[PDB]
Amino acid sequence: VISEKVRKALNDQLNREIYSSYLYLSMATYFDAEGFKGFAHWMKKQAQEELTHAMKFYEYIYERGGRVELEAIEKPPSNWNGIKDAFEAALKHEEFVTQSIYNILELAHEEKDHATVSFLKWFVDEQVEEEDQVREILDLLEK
């Protein structure tokens, strides 16, 4: 059974994964308004993946005996200053999500919640791999 503090942190993170999904969809609305279908398609796939991650948090919280409480989702930005600007914002957001998950990892270690440490490690690795992909796109577009 999860402690209340870890359940709160996981529930907070689930709502952060939903906002991440929503932000990427918003980036797609910007790319699609400019006619960058291919970049918009990449953002829509990332929005789908973040939602899938959110539902993995969902099912894990219920497996460990907690429940989910859904919070308001803030309005994301809807415009950026070009392609590179949007992907730099995505990279910055991914680094924020990685830091968020790393903070839960430290809390789980403190309460010796080894199942939560194992659960979260998959998401750190997927985030760094997503950061690497965005860095590759930025590198490709250089100058």
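Sequential numbering from 1, following the sequence displayed.
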| property | result |
| --- | --- |
| Segment of higher mean CA temperature factor, 112 to 120 or 99 to 107 | 112 to 120 |
| Per the entry, higher mean C-alpha B factor between 127 to 135 and 16 to 24 | 127 to 135 |
| Residue with highest C-alpha B-factor in the PDB entry, from 63, 49, 32, 69 | 63 |
| Residue 44 by Cα B-factor - lowest, middle or highest third of the modelled chain | lowest |
